[PDB]
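Worksheet: the structure to be examined is printed underneath.
Bear in mind that the values in this text are calculations on the coordinates, not laboratory data. Here Cβ is always computed from backbone atoms with ideal geometry, including for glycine, and neighbour counts include all displayed protein chains.
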Amino acid sequence: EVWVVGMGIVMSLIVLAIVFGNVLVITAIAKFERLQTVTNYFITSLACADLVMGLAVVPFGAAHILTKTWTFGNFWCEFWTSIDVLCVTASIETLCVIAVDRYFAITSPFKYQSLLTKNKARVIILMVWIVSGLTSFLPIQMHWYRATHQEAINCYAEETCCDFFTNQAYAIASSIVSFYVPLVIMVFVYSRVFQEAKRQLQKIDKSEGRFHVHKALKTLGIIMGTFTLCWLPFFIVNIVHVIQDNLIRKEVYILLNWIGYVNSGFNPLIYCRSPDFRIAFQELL
Ligand SMILES: CN[C@@H]1CCc2c(ccc(O)c2O)[C@H]1O
């Protein structure tokens, strides 16, 4: 009967990895003073979002699947849903602002210093968190997302069940604000950055060609393919399941949602590979 204990160990490992990586990153930035930089404030915000995710939404969901019941009250179910949506949207929007940060450095190197200072980064981060807060907590708490059909009403009435039902308008607006606009922004900025890098290598080869003396593709692939393959499949079915009711089963929805969660554990591997972080990690442990 491996099922009862087969998934528990995997869920516990995911929780442990998500907590450990982000705690280590936050401590490394806090304790050392060479790693405090304008670029590293966005990484701090993303790490905080991932830490809250892996501490709050995953342990309570794991019990929900394992025990098939919501022992807690009806209030805590709505609170948990709100936290889940908040963390997801905040993480994705922080990824978008990191991409725009990288774009502005290469595109306009002379005016980069005046464009971004310690004061403006704080305002940008606060605005990103406020926008994430309004879209998640505000509509869910006043019950503007509730469905109409009888199954949703029966689910809402019972105090031992916590399942997700939503309207068409809320689902479409949530997907648009959470995923699609950041996806387009990242696509555009990273394409321009790649063009600039290719031009730079061409310029180098035009001059120093006589002596003998890829990476851009590998880096852009690691940055973009992970995000797309982790979060794109979920939002398509999130859009579809409202329009066509019988097509998507609940198990597929939950599986895709949980594949989306694991993206929180892969962020330190992607955004914290510079030698300075490696030295800092070496000193800590
Ligand atoms: C509990 N699962 C939720 C359901 C809907 C949803 C999620 C994440 C981001 C959004 O913008 C959403 O509309 C998922 O995490």
Check your understanding: Tell me, which helices (runs of 4 or more DSSP H) lie completely within the range 98-198 with 1 or more residues that are away from the ligand (no atom under 16 Å from the Cβ) and either within 18 Å of the chain's Cα centre (by Cα) or over 24 Å from residue 232 (Cβ atoms) (or both)?
Key -> 112-115, 118-141, 150-157
Review point. Could we say that residue 79 is assigned to a loop (DSSP other than H, G, I, E, B), closer than 24 Å to residue 50 by Cβ and in contact with a helix residue (DSSP H, G or I) (Cβ under 9 Å, 6 or more places away or on another chain) here?
Key: no
Point to revise | Residue, nearest to residue 175 (Cα to Cα), within the range 241-285, restricted to residues that are surrounded by 12 or more Cβ atoms within 10 Å (Cβ to Cβ) and among the β-branched types (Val, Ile, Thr) | key: 242
Review point. Could we say that residue 218 is exposed (fewer than 11 other Cβ atoms within 10 Å of the Cβ), farther than 27 Å from residue 177 by Cα and not acidic (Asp, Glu) here?
Key: yes
Point to revise | Residue that is farthest from residue 56 (Cα to Cα) [pool: residues in the range 236-258 that are within 12 Å of the ligand (Cβ to nearest atom) and in contact with a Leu (Cβ under 9 Å, 6 or more places away or on another chain)] | key: 241
Review point. Are there any pairs, at least 6 apart or on different chains, whose C-beta atoms fall under 7 Å, with the first in the range 169-185 and under 15 Å from residue 97 (Cβ atoms) and of a type in the set (D, E, K, R) and the second outside any helix (DSSP H, G or I) and more than 7 Å from the ligand (Cβ to nearest atom), and if so, which?
Key: none
Practice item. For residue 4, state whether it is over 30 Å from residue 182 (Cα atoms) and either surrounded by 14 or more Cβ atoms within 10 Å (Cβ to Cβ) or over 22 Å from the mean Cα position of the chain (by Cα) (or both). Key: yes
Revision key, fill the gap. Looking across the range 199-235 at residues that are over 30 Å from residue 170 (Cα atoms) and of a type in the set (S, T, N, Q), the single one that is farthest from the ligand (Cβ to nearest atom) is 207
